[PDB]
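Same chain, two forms, each on its own as structure tokens: structure 1, then structure 2.
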Structure 1
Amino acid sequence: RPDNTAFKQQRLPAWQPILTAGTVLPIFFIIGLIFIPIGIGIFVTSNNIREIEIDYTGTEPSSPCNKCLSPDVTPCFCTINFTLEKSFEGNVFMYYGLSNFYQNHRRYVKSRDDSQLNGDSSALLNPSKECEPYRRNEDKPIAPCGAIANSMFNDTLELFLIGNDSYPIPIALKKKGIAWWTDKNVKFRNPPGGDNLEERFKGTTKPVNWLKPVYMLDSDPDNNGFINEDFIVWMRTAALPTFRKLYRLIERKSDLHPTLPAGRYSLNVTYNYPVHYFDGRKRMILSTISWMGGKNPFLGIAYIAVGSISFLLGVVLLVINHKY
């Protein structure tokens, strides 16, 4: 009387794998023979990357940039000397790093109005309440409201090369293409109506900590307001307190001469960002990016650690299985 179907009688045809030591040990060797060659490749390709960092926050008498730690004059120009003992072959990337800068703080992360930065006419005139401590200035809305835009990195770094002659050779630093493609061309847009930016921002002022308004960050109209590469990069809130963000990029030259030949260099810093208040640190990083990214030994070491422990354990269990 009860329905005699496969499902109702708990008799659906099932693969039903069988597991013994004879069918799981071969997997250990295979998994132990694929994570070892990959790890060797990853570990080696990490060491090929040549990367240097320059700390210039000062805080010590010997530091060349300590002359403008305390507020003395608005423009500081401190120079750092460093030498490259190994040439950088491919295209080189320039980063600036900050320490003890909690960009992942809850109150800091939400301090933005992503509808305003997308080019919404209504939101531009009245920003949201999430950016409240930096919402209105002098009874006028702030065009990039929020703590994220307010604390933008604003000191200039420059690269110089010293040859046989004592004269410095400036290095051309490119600025385009340092932010994600999508958020620059889709997520971050200027307000809709207008021919020139200064007219689109009528009732909106500049952030309190800024010097120049948002509609004059760059001379190019393609990086002027809300689409400035240096601005868009700073919005992407860092995951950890210690982070590095893309500043510029020195493209590889057409000729065979390397991008950064081995020699002495000078770092021209227009010191403007004060971080000694919260015991932070400022760094400049020149790196060459491989197919996997930057210089990180974690992936290489981890595969060797995982690859060997699977092979070492697989052999021992095979040894125990064989004799016993």
Structure 2
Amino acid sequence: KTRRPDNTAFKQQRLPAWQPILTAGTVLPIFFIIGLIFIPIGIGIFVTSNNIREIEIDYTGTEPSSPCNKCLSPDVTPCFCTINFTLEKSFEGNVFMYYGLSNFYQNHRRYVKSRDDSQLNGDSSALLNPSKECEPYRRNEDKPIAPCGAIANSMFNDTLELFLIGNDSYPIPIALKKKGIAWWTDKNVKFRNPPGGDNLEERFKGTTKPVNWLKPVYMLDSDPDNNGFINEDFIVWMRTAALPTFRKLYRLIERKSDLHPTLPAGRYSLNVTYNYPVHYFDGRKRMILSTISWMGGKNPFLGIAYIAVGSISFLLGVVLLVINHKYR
């Protein structure tokens, strides 16, 4: 036929190689060092998670005999509630204010894609031309909606304030920062205001507000650095949730200048402007106050999981060891 094949390791199927065999001198250790690493990590996470102080208040008021049921049917649109709670153990360091929504499918396919990221990126062409993605909320009557989509339209518009009920029974207001509650990239990369101009009013010219939004996007915050598409509350909302039960950052309680606890133990009152209706779909609103930890947040699932997986790895090694020895 043709000349001799060339002699190479690849073509002659003689490439250098190792033939790893699952021997008892290799699999048994990794089944024991894993169990010796997963247990201390499981203990370390579990103890740290239980060292996190956190309080979760459910202020939807669906069930009667609660001081917020009046706002389920707010005959007057401005409705307010007052929930009193007591913090037994003083919170320390930075404390984060999250709000929690239950049975609110922010991961729904019809909901996740209902946005125009080009408009949120600050594109002039897409500012006045919402995409078909935000189809049901492209325009209100004649001109397009600036934050178009089911996402921006259904933004969380409740307001939450906390007061310290001190020894005098006079409510002391508690500082709450609204800046730095969103990703750095979201503030500076993913979200931007339309280019040109100096005042946000003219930039969003000829663009309706979302129908469910009470007010437009021009002045979401008094600070120009927190209004428009770069608003912290709006940005946090657009970052949809992976699961129906989720919580989103609302406010930051920074370290108090004094050595005293950031939220000293005592009587607290939750003053909430009930605006978001969730009881139609059996959804639950919540407010969460939690304290920071040097290992992130609180997650007893993982810490317990390593204990289970680490323990099982240790036990599996023993079972494999006995099976090996019998079959040696």
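Counting starts at 1 with the first residue of structure 1 and goes up one by one along its sequence. Each form is matched to the other, and the largest set of C-alpha atoms that superpose within 1.5 Å is called the rigid core.
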| query | finding |
| --- | --- |
| Threshold 2 Å Cα movement between structures 1 and 2 for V315, core superposed | yes |
| Threshold 2 Å Cα movement between structures 1 and 2 for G293, core superposed | yes |
| Rigid core superposed, the C-alpha shift at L217 between structures 1 and 2 in Å | 0.6 |
| After superposing on the core, C-alpha shift for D139 between structures 1 and 2 in angstrom | 1.1 |
